[PDB]
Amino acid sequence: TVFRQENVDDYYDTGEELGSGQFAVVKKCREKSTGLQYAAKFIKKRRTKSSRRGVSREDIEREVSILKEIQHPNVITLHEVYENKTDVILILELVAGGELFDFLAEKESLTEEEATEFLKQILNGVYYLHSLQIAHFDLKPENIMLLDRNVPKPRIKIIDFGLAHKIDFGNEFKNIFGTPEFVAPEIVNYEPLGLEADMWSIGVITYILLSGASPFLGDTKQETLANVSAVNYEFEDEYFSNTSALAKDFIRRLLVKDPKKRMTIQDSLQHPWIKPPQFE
């Protein structure tokens, strides 16, 4: 599909940089006609068929097509798309309270209540996506953002649809790979991937929310990946001695190597704790 090829600067003024990855720089912006504020994500296009710099049009089109489908309080929405010869420019809903990652950085470990108030939101965002057969494939504390960081119970949105895929057949085999600390063993072993892989990432996120520690992290990327495939983690007493046994049970049911035996998004919401390119 093609996108609007007008100069983006003719319709928006850009401000502060919000963030960066591989593939993209994200800038705060303001639409001239409405005075509303957005996050403009500039994704660099591939300059030649075989190049490794930039993102293939197929991958950009998949991100845009998934984003266009979304409308849920706990996920980011897509406002408009522009393009020019160098970039595709997604105008996304602005999430202005920073990454869950940075929130967790200053001050590092949450109460079970604070942890479950975030988690319940993440779970209903992911329930929506999975209901739509969308696997996010990049869930991690940097890809969650808070609408306002200065409120006692902040409200979150899932961002970064750069690896997301529609799962039409219950699994796909296109060979996706995110960040070693958060990927499920099936990603590590290059096996067919489905919605289950997001549920593993949620367990890793939950462990970190409760402890401030990463369950699989080794000293190098390859060692983390080995730990992940072996399900090499444990609940350190120093971190978990006063954490409830149900919280551990929740995590233990997500960090399961066989995706068929791992809790589904629906199971996670009924659980008693809750229920009211890749190398060194």
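Numbers for residues come from their place in the sequence shown, where the first is 1. Rigid core here is just the name for the largest C-alpha set that superposes within 1.5 Å across the two forms.
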task = Could you check whether 78 to 86 or 111 to 119 drifts more from the shown form in 8 other deposited structures of this protein, using RMS Cα distance once the core is superposed?
result = 111 to 119
key: Between 176 to 184 and 130 to 138, the one whose CA atoms sit farther away in 8 other deposited structures of this protein (rigid core aligned)   = 176 to 184
inquiry  = Please classify the unmodelled stretch of the deposited sequence between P276 and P277: none, 1 to 3, 4 to 9, or 10 or more residues.
reply    = 10 or more
remark   = Entry B factor averaged over C-alpha atoms, 90 to 98 against 111 to 119: higher for 111 to 119
query = Would 247 to 255 or 217 to 225 have the larger average of its C-alpha temperature factors, as given in the entry?
reply = 217 to 225
request  = Name the one of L147, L163, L139, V204 with the greatest CA B-factor according to the PDB entry.
outcome  = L147
note = Listed options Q37, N232, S51, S65: highest C-alpha B factor recorded at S51
task = Using the B-factors in the PDB entry, rank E181's C-alpha atom against the chain and give the third, lowest, middle or highest.
result = lowest
ask   = In terms of the chain's CA B-factor thirds, is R262 lowest, middle or highest?
value = middle
query = Can you tell me which third, lowest, middle or highest, the CA B-factor of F103 falls into for its chain?
reply = highest
ask   = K41: which third of its chain by C-alpha temperature factor?
value = lowest
request  = Tell me, lowest, middle or highest third: where does the Cα B factor of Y128 rank within its chain?
outcome  = lowest
